[PDB]
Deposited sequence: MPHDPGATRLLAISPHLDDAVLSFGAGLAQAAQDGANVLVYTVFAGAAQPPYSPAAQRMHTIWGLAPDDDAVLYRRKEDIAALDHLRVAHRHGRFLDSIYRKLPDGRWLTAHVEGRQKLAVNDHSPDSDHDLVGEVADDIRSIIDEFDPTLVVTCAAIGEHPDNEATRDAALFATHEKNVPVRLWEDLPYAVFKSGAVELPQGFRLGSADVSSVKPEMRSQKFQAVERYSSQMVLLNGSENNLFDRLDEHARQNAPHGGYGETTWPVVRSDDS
């Protein structure tokens, strides 16, 4: 039996990036679990940046935004008929730096967010924490395959998720693959810097039935808060394997020579 563990950074990323792979796995009778790492329930007060994001998402600025998101995630994943697990790490907009500053600051005029300068110590400590949680889930669920994000777009939460997954899957002897982060891959290079000792294998551009694209995009629409689109995604996918259907690009990750 095939047990697919998809490790999403935020509530929507696995469906947005890999919703057709999840839909295909489900269709094939695989046992599928989407664990979202940064699904921690944030406790107020919220930062100026979080409060702005919440209002952008159509919420009162002091509302329980993570609860709202978690319910959208359950709706989207039940549409795909796959399991969820909501992890305890706080989204970037809720995190504090060890000196008390918010991790992310609000920036005026469309830019939204930028991350505060800080020492790498706290980024490395976050990876080890996330890696401990992934190792426990690997022990419990016993996946035959783990898929997580490439962190195209360099979101710090996606980078932490990716790095933690690479360390945990290497220690546990479980194969791992990275998906192309959407929508970031539509407008970013695709080149990422993996932690020392890891490298990408050859890309696989999947070929999915139009039925699987429709089921993915229906599941995307359960994330109401995040929308205010599908055409862009379509053109990126067709642009990846032309003479081909919809598909998603993933890469295996292996150890580099001499590492």
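Missing segments of the deposited chain sequence, listed N- to C-terminal = Several stretches lack coordinates - namely 1-6, 235-242, in sequence order.
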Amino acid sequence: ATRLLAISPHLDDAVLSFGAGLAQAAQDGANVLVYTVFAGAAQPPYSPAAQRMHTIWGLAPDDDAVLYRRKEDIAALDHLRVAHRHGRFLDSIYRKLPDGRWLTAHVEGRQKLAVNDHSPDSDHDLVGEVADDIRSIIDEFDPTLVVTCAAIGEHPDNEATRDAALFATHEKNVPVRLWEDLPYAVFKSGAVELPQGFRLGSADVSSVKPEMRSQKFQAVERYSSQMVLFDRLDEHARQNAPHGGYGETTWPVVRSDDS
From here on, numbers count along this sequence of modelled residues.
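query = Do the CA atoms of 216-224 or those of 60-68 have the higher mean B-factor in the entry?
reply = Between 60-68 and 216-224, it is 60-68 that shows the higher mean C-alpha B-factor.
Mean C-alpha temperature factor, higher of 24-32 and 50-58 = Going by the record's values, the stretch with the higher mean is 24-32.
message = By the CA temperature factor listed in this entry, which of these ranks top: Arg85, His170, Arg177, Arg110?
response = The record points to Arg110.
message = For the CA B factor values reported in this entry, which option in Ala191, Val37, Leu200, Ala41 has the top one?
response = Spelled out: the listed residue with the top C-alpha B-factor is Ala191.
key: Chain-relative CA temperature factor third for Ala114   = As the PDB entry reports it, the C-alpha B-factor of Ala114 lands in the highest third of its chain.
task = Comparing against every modelled residue in the chain, figure out the third that the C-alpha B-factor of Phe141 lands in (lowest, middle or highest).
result = It belongs to the middle third of the chain when residues are ordered by C-alpha B-factor.
Entry-reported Cα temperature factor of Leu97, expressed as the chain third it lands in = Highest third - that is where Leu97 ends up once the chain's C-alpha B-factors are sorted.
query = In terms of the chain's CA B-factor thirds, is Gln239 lowest, middle or highest?
reply = Top third by C-alpha B-factor.
ask   = Split the chain's modelled residues into thirds by Cα B-factor; is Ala160 in the lowest, middle or highest one?
value = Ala160: CA B-factor falls in the lowest third of its chain.
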